[PDB]
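Given next, in structure tokens, is a single chain: the form deposited without this ligand.
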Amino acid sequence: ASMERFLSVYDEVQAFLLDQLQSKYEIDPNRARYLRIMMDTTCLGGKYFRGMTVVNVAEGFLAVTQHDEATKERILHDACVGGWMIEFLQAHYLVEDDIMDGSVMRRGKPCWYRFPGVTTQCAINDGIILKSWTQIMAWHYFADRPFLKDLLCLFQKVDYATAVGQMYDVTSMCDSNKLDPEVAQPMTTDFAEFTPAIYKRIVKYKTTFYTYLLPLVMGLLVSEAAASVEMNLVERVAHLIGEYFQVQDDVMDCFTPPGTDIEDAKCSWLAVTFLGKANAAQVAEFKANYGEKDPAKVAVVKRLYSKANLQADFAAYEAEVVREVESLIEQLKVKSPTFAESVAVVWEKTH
């Protein structure tokens, strides 16, 4: 089974990283134990959607391509290592984002920096090490692979796009013309930048490149299958599915039982959609209550969202995405029914 193989590769990669720290970086057993716990706490516990997508894509191509058994094993092992590079990249994002946002919990457990023996002083560096480990993995396991150059180049472009996206996200409640390192940033009063196009730019860069584009393209790279696809279509379908995924996360932050998007004045799908249909009085009530810690004001915003019938707007949004995704999957079938099926599976798991 794919998951059994994926989890076995984690144990192998962890042992490699920790043994390398001992033989080449003069690490002592106690610091190796601290890093082992850090790696387990930050990398494990999720559903492994991103890492498993690499494995599923590679498995698809193995079913329709002739290979010796040793080659099939090498491809699957490469897909598992590539998948862990993405999972560790996500771990890096989550550790740093939780510190930047002053988050409390991450998956019903305290954020890494909040652990008593961690603290922000170590946690920022722990997040830096998580990302360095993605590169150590790549250079060690893929040293002689023909796809090494393409995989490293794609990985840094995705990483940089994600960092740019984090900047778009954290500055989404500022008026762009007021951005200035010398002057403390006031929250927007007109909310003129809370538009569908601006929201789409935040989501595209902060989530879609690493959650959807990177796992799909890595699966193609380790399979030596980039010719079975039109890269403009892969990008188009990844950004579309990714946007839908973030819209779902935005809805959950507000309505799923234990989120601080309202208090943080985030440019969420809910605030943008609400502002796109609100009358003069509703806009005024939104402005008087948004981006405030006061629970009474948060309740006013949630109530405005509830009475605005945003469930109908979400249903219409969902219908349009289902429509466009189905269209892109059909266009993907021209060059590869195998790859189009992997995308269909990713969509099913998202939808």
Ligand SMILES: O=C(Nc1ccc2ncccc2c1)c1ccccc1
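Residue numbers here begin at 1 and follow the sequence given.
Below, we refer to the form solved in complex with this ligand, which is not included among the displayed structures.
Taking the partner from elsewhere, residue 272 is found to have a heavy atom lying within 4.5 Å of this ligand in the entry with it bound. Using a 4.5 angstroms limit between non-hydrogen atoms, residue 133 is distant from this ligand in the entry with it bound. At a distance threshold of 4.5 angstroms between non-hydrogen atoms, residue 330 is out of contact with this ligand in the entry with it bound. Contact check for residue 288: no non-hydrogen atom falls within 4.5 Å of this ligand in the entry with it bound. Contacts between 304-335 and this ligand, taken as any heavy atom within 4.5 Å in the entry with it bound, involve 316, 317, 320.
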